[PDB]
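Student: Just passing along the structure, written as C-alpha cells.
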RNA sequence: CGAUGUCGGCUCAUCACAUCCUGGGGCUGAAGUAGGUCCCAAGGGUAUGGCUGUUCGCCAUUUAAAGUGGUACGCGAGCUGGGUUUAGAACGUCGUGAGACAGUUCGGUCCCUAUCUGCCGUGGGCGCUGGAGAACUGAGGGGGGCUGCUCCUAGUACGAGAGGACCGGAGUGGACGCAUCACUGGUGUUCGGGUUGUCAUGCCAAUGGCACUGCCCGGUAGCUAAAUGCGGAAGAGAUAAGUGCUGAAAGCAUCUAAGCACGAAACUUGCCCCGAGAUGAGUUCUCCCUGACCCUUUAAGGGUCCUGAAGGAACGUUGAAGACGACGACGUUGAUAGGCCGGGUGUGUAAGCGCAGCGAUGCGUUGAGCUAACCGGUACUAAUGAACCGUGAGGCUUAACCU
RNA sequence: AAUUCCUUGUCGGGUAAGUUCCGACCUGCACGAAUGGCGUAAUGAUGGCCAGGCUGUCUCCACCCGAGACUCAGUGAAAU
RNA sequence: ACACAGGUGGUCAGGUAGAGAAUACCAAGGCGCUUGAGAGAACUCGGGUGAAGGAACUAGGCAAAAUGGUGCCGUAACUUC
RNA sequence: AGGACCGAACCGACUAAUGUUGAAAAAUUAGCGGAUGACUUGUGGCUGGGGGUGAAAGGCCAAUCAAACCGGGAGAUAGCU
RNA sequence: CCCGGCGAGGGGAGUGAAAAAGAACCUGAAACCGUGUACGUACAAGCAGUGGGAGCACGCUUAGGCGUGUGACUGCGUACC
Ligand SMILES: [Mg+2]
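Residue numbers (the authors' numbering), protein chains in the order written: chain N, 1 to 119; chain P, 2 to 115; chain C, 1 to 209; chain b, 2 to 57; chain K, 1 to 123.
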C-alpha cells in the first residue's frame, strides 16, 4: 500500500529522478512549454512552481539557491529577471496541463505543459 | 485539526518552562502510596524532546547509582509537577543519543551562554 | 437499543487528574435525523432508517431526494437503519443527538476497516516465514504445504491464503465511553476504532449487556 | 506444469469472451475550430475548449 | 523484555556477577519477561567465595531492564542494564542483603516488600 | 518397472476418539487435601532446549496439560538435503585377486512460466418479466469458544493435628485473535544536519556530481510491534453420561412402561461477519417514460419518423480505495488534485555581512536558515459546452374489490 | 581408534541438560610396527568440539530502496 | 548455432587521493549496453535500516554481521629454535 | 635467501546465492586460493585407440571415452518390446 | 486511372478461350481459421452419444403429408489400441 503518501517512482531510482527534473525544469523554463508524458507532467507541477515561488524574491542568497537546484545561471537569470516579476501576483497555479494524446513509438500518453503567462 | 486541537488546547499545562536539549533539568513527579502523595524529585540531562503540542514529551537521562537511568517524560502529564532548569547547556545536535554511553569525561556538557 | 452514526475524527489521549493517560478516539455524532420507520404492519420488523449530515445538492438524485421529500427532511450524506428495540418508538422527522449515550459505559463501534490491499499470507494469516538462510531457495515467505497426498486429494474450503485484507465491516466491542461532548456534538471513547480518519462509524451500545 | 489435454477452441472463445476492445463513446467537438477531438484532450490543431491553446 | 539465553546482571550482594535465564515462568509459552517477574536462571560467574557459586540453578527477580517499563501517564523508565536480583527457589525471596542500583515501583508488592526495603533508590 | 521419489526437519495442516488439560458424572481400600478407577464429552487448548541426521529416546526446566492415532509412516510441480543410496578416498573386516560389508568415516547438482479440478481473492455477462436509485429482510454459511494465578468466602467445612476445602465472588495473568498508531518504538534512499575523497561551477566564497543513500547523525507523514484498546462470555433450549419424581405391569419394589424433573466447554442458540446467482432471485421506499404511424405470417409480430426521461455509463481531477478491475469523493455552482498562503513539524543558529583572532576558527546578526507525505485556508492551475446509453406506461390467467 | 559389534562401554572434564568432543579406563568384536608403528613444530578453502567478538541465524519479523511480477502499446516462444 | 553477460595473445599507460597497473573521482577518449510507457498488490530478486535479546536457530554460526591502515607499545603454549 | 610472506594482474575454483525452456550445452554475483615458480602464457612440434597420455581420478584424447570418430562387413544379432 | 508513403497491397481498365490462368500463377483435399444465416444455449453435473421427443426455422407442398436443419426434455450408456 501507499496510504496518504506522495511522490512518484517513475521506474527510476532517485539519482535518476533528481537529475532528470533538473534537466526537465531547465528545459522547460528555457522554452516555457515542452512536450512530455502526462506522468512526467503532473509531478513537474510540484517542481517548478515552488521555483517560481522562489523567483518572487531575488536575494543573493536565493541567487545561490536556484543555482544549487539547477546548476544553470541562465535559468537563474531568467527566473529572477523575467519570471519573478512576470508571475509576481499569481497565488500558485503557474502552469497549465494539456493532455495531447499518445506517443507514436510506444503508445505513451503525452502531454503539453506550459506556463500561464506565456503569450 | 479544527476540532482535535480544540480538545488539546484545553488540556495543555500553561506553566511549561521553555528550554533546549542538553540543558540539565530537574523534574518533580508525584508518588502516591497509601494516601501519601509525596513529590519525588528527578534530575538529569535532557537528551531529546518530542514536540507534538499536547502530545509533546521529552527525555531526561541521569547516572544514578553508577547506572544510566532514562525516564521519558510526557510534557503535559499531570503527574509531573514541576520542571526546573538547573543548568542550560551548549550542544549543537538536536538529540543527544551519544550521551547514553559517553560517560565520565565525555559526559560533560559545557554550559550555554548567549 | 438503537445505535448512532459517527465518524473517525482521530485518536488522541485524555489525561486524568491522577496521571493516567487514557488513549481515546474522537468521534463526532451529528444530528442523526430519522428518515423511515419500518414497522410490523408494512415491513414486519421495527426499524428506524435514519440519516445525518448532508451532501452536494447537485449530487443527490431524484430517486434519493424524493425519499427524503416523502419524509420531508434534509438529504443527508447517507442512509442508515437500526433495528428498533421494543418499546422504543420514534417519529419520522425526529433527529437524534449524542445525548442518548449519556448513560452508557460500554459501547460497540461498528466500522469499515482500513484497506490493506492484496495481503500476503504471512501478513494476512499471521503465518511463519521459512528460514531466510541455510539453503532456502525462493521460499522465504511462501506458506509451503497446503494439502495432503491424494487421499483427501484436494484443497479445502476456507483455506487461509492470500488476498484482500481489511476494507470491510468489523466491530470492536465493549469499548468504554469516556466523554459525551453534547455541546459541540462529540464523543470520546477509549480504544482504537476501526478504519481511517474521517471514515464514518457506527456506535451502538455494548452488545454483551 | 502443462496441460494434460488439448483445450477446445470453444474454450478459446470463452477465454477471449472478455478480451474485446472498446470503441470511443463520443468525441468532444471543438466549439471554435469546429473539429472533433478527445474529451479533455486538445485538437490536432492546438485547440482545446475552443481557444487556440498552442500554435504548434 | 527478556527472553531466555539472555545474560543479565546480579544487582545485589548475593555473590554472583553474570547469570543467564533458562526459563521464563508464569505460564506456558510466555515468550518474554519484564520486571517484577520470576525466572529460572543459571549462574555463569560468581565471586571466589560467595553465597552462590558458578553453575547453580535457581530463581531470581528482574529489577532492571534495558527496554524499560511504562507508567500510567505513558511515561517509560528505561535503564541501561538488563539487571536482576536472585531469590530463593522455594521461599521465593532473595539471598543477599544489599541491593545494588535503583529499582522501580513495579517491584513493590507484598511479595518484594523486603527487597525495596533493602533498595538504595526506588523509582 | 514406457519412473507412484522415501528418513528426518521445516511451512501448512486436517480428521478420528480408543479424552492429555479443560467439562460432567459413578464407585472407592474416596475425612479433607490429594487420589484411584470407570462413564459421558473432540468446543478450545495441549512446551523449550542439551544430546544425536534422526524418529525415538535420554536429560534440564516449564505448563493447566506437554492426548493418541488416521492422512503415500499427511504435506519435494512448497522448502531442507543431515540420515539412507552413485561415481572419489580410507580403516576394521573378508576375498589370491578384481572387489564387497544394514561395518565405519570424509566428500559429494533437489527441473518444472498452472490447461483442468481445487483453493483464496477480485471482476464481466445474463437473469430475477417497464426502467432506475437506495434501504433491507435473513435462507444459508463462516468466525469465535483456552487457561493460569491471587484474593474473598474461610484457615472456615473437614480434620487428632498436619493440612485443608465445596460452592459463590473478585482481581490479575499467560496464550490467541481483532482493531489500531493516541502513546513507546522501528522505519522513514523524498526533510535537515555532519563528514571523507574527488570532479565541476573563471576564481574565492558557496554549491552540486559521484563514491553501497559515499560515509554518518537525525527525523515528518505513512507503514509498522515490542506499542495498546477489545474479545473469549453470560443467558436460553433440548440433552449426554447421570441423578431423580410419582408409578404400575409384578399386593412388594421399581428413574419408565404412563406421566414429571434435573443434568456437560458436546448440540441448538445467544456474539461477530458474509449473505436474494436464497432461479425459491424475497421485502420496503423513492424516481422516471402517458408520440404518431404503417406493415402481416396479426402478434408477447415487422418497420418508419417523433421522442431519449429517471438515470446510468463514459471523461477529467482524485483517495487513508486499489495488481488490473471493482469501490469512494469531486468536476467551476466547485476545495478534487496540484500550487499558493498561514501553520505545524523536524533539523539546529543558514547565507551574506560585521567582529575577534597569524590562522584554523569563534562571536554577532540568528532558534537563524530550511522543512516530505502534515494542520488550516486559498480556485491560482487542471477538473468543458457537450455528446452517449437507457425510452415512450409496461404479457397472460384467474381471483379479490371498485364500476 | 577414520578400527569397539555390543555401545549413548565405564570414569573424569565440560553443559542447567553433552548419542558430540576432551582426558582416562582396555573388555583391542575385528591395533600394530616400512600395504610402516607411535609421536611431532610448522602447514591446511582439512574433520570434529569450545569460547569471545559479532549480528534478522532465531525469537518475530517490521520498514524502505531498486529489479520483476501487474496495466497499456509493439513484438512474440516453449514443453505438453 | 544468436547484434549470446563466455573465451581470446600483444602494445599504450593523463590528473588527484593513493605504497601501488589497489581502488575512488576524473581528463583525453568512448559511451548511455535496440521495446517502452505506467502502476507502485502479494511474492521473488538484489539491497538498506532495526526496539529488546544475542545462536537460543540449525544437521551444522551456512550466510550475513563483524574485523581490517600505518606507526608505536605489547604478545602465551610450544618449537624442528 | 626463499615450491618465503601480504597482495593486484594473472592463474585458479573453495563457499554461498542466482541461473537451470538459462546471458551461457557449467556461467554470473559475493567473498576464496596461489600469485618467483612443481609459475603462467604465445607460436609451433610430437604421441593414435586396446593405442596415446595421465603429481591416477577411468581421469583425458575436438560439447563424445571402462575402450575416440568415420566408412565398410552389415538388413550383426535379438527365444525380446 | 483511383487509394496509399512515388510504397506495400488493392480497385478499376485492358489482355486472353478463360486472371475462380496475374505471374506466392493446372487442378486446390484435409487439418486449421474465418465471415454470414439458421436453431439451440446463462439453476445447470459426467467418453458427449444413442433411443425417444417438445418447439422453431425451412423445403416439397396441396404450410395437411412429409423432407431438412436445430435439438427443449428424457431413457440408456465409463474412448480406442
Ligand atoms: Mg484475456
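Yeah, the Cβ is synthetic: ideal placement off N, Cα and C, and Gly gets one too.
Using DSSP with H/G/I as helix, E/B as strand and the rest coil, what is residue 104 of chain N?
Tutor: Coil at residue 104 of chain N, not helix or strand.
Student: So which residues on chain N does residue 117 of chain C lean against when the C-beta distance must stay under 7 Å?
Tutor: The answer, in chain order, is 1.
Student: Residue 55 of chain C: buried (16+ other C-beta within 10 angstroms of its C-beta) or exposed?
Tutor: When all chains shown are included, residue 55 of chain C counts as exposed.
Student: Per DSSP, which residues does residue 34 of chain P bridge with? Please list them.
Tutor: For residue 34 of chain P, which the question treats as bridged, DSSP gives the partners P/37.
Student: Could you check where the beta strand (DSSP E) with residue 83 of chain P kicks off and where it finishes?
Tutor: Where residue 83 of chain P is concerned, the enclosing beta strand (DSSP E) stretches over 81-88.
Student: Between which two residues does the beta strand (DSSP E) harbouring residue 115 of chain C extend?
Tutor: Looking at the DSSP string, the run of the beta strand (DSSP E) that includes residue 115 of chain C is 115-119.
Student: Mind checking whether residue 22 of chain P and residue 50 of chain P have CB atoms under 7 Å apart?
Tutor: Going by C-beta atoms, residue 22 of chain P is nearer than 7 Å to residue 50 of chain P.
Student: Could you check which residue in K/81, K/77, K/118 has the C-alpha nearest to that of residue 8 of chain K?
Tutor: Per the Cα distances, K/81.
Student: To the nearest angstrom, report how far apart residue 25 of chain b and residue 47 of chain b are at their CA atoms.
Tutor: One C-alpha to the other measures close to 21 Å.
Student: For residue 114 of chain N and residue 33 of chain N, which I take to be in contact (beta-carbon distance under 8 Å), what is that distance rounded to the nearest angstrom?
Tutor: Sure, about 4 Å apart at Cβ, within 8 Å.
Student: Report the neighbours of residue 99 of chain N on chain b: residues whose CB is nearer than 7 Å to its CB, in chain order.
Tutor: Ordered by position in chain b, the residues that pass the 7 Å Cβ test against residue 99 of chain N are 41, 42.
Student: Relative to chain K, which residues along the region 3-19 of chain C have a C-beta separation below 9 Å, given in chain order?
Tutor: Within the region 3-19 of chain C, the residues whose Cβ lies closer than 9 Å to some Cβ of chain K are 13, 15, 16, 18, 19, listed in chain order.
Student: Counting only C-beta atoms, is residue 37 of chain K closer than 7 Å to chain C at any point?
Tutor: It does not: the Cβ of residue 37 of chain K has no partner Cβ on chain C nearer than 7 Å.
Student: If you scan the region 22-74 of chain C from start to end, which runs of the beta strand (DSSP E) of 3 or more residues do you find wholly inside it?
Tutor: With a minimum length of 3 residues, the continuous beta strand (DSSP E) runs that stay inside the region 22-74 of chain C are 32-38, 47-51.
Student: Under three-state DSSP, which class holds residue 16 of chain N?
Tutor: Residue state, collapsed to three classes: helix.
Student: Taking 7 Å as the CB-CB limit, is residue 25 of chain b close to chain N?
Tutor: Residue 25 of chain b does not count as touching chain N.
Student: Comparing C-alpha positions only, which one of K/106, K/42, K/112, K/30 sits nearest to residue 76 of chain K?
Tutor: Of K/106, K/42, K/112, K/30, the residue nearest in Cα terms is K/106.
Student: Assuming contact is defined by CB atoms lying nearer than 7 Å, are residue 84 of chain K and residue 46 of chain K in contact in what I supplied?
Tutor: The answer is no: Cβ separation not under 7 Å.
Student: Just to confirm the assignment, what range does the alpha helix (DSSP H) spanning residue 40 of chain N have?
Tutor: Per DSSP, residue 40 of chain N belongs to the alpha helix (DSSP H) from 38-54.
Student: Between residue 113 of chain P and chain K, is any beta-carbon pair separated by less than 7 Å?
Tutor: No - not a single Cβ of chain K is within 7 Å of the one on residue 113 of chain P.
Student: Could you compute how far the alpha carbon of residue 11 of chain C sits from the alpha carbon of residue 32 of chain C?
Tutor: So the two alpha carbons sit approximately 22 Å from each other.
Student: Taking Cβ-Cβ distances below 9 Å as the criterion, which residues of the region 74-93 of chain K are in contact with chain P?
Tutor: Cβ contacts with chain P: 74, 75, 76, 77, 78, 79, 80, 81, 83.
Student: To the nearest angstrom, report how far apart residue 42 of chain K and residue 33 of chain P are at their CA atoms.
Tutor: Whole-angstrom Cα-Cα distance: 36 Å.
Student: If you count every other CB in all the chains shown that lies within 10 Å of the CB of residue 22 of chain K, and 16 or more means buried, which is it?
Tutor: By the neighbour-count rule (16 or more Cβ atoms within 10 Å), residue 22 of chain K is not buried but exposed.
Student: Leaving aside the five residues before and after residue 62 of chain P along the sequence, list all residues of the same chain whose C-beta is less than 6 Å from its C-beta, in chain order.
Tutor: Answer for residue 62 of chain P: 45, 46, 48, 71, listed in chain order.
Student: Would you give the residue range spanned by the beta strand (DSSP E) that residue 74 of chain P belongs to?
Tutor: Segment 68-75, the beta strand (DSSP E) holding residue 74 of chain P.
Student: Between residue 50 of chain K and chain P, is the shortest Cβ-Cβ distance under 7 Å, so that the two count as touching?
Tutor: Not closer than 7 Å to any Cβ of chain P, the Cβ of residue 50 of chain K fails to qualify, so no.
Student: Using Cβ-Cβ distances below 8 Å, what residues of the region 39-55 of chain P are close to chain C?
Tutor: Correct list: 55.
Student: Would you give the residue range spanned by the beta strand (DSSP E) that residue 179 of chain C belongs to?
Tutor: Start and end: 169-179.
Student: Could you tell me whether the Cβ atoms of residue 102 of chain K and residue 87 of chain K are closer together than 7 Å?
Tutor: No; because the gap between Cβ atoms is not below 7 Å, this pair is not in contact.
Student: Let's see if you can read the secondary structure: which residues bound the alpha helix (DSSP H) around residue 14 of chain b?
Tutor: First-last of the alpha helix (DSSP H) with residue 14 of chain b: 10-16.
Student: Give the straight-line distance between the Cα atoms of residue 61 of chain C and residue 72 of chain C, rounded to the nearest whole angstrom.
Tutor: Going by the C-alpha atoms only, they are around 15 Å apart.
Student: Between residue 21 of chain C and chain K, is any beta-carbon pair separated by less than 7 Å?
Tutor: Yes, residue 21 of chain C lies at the interface with chain K (some Cβ there is under 7 Å from its Cβ).
Student: Report all residues for which the CB-ligand distance to some heavy atom of ligand 3 is below 7 Å; order them along the chain.
Tutor: Looking at this structure, you won't find ligand 3 anywhere; what it does contain is ligand 1.
Student: List the endpoints of the continuous alpha helix (DSSP H) containing residue 65 of chain P.
Tutor: First-last for residue 65 of chain P: 58-65, but that is the beta strand (DSSP E), not the alpha helix (DSSP H).
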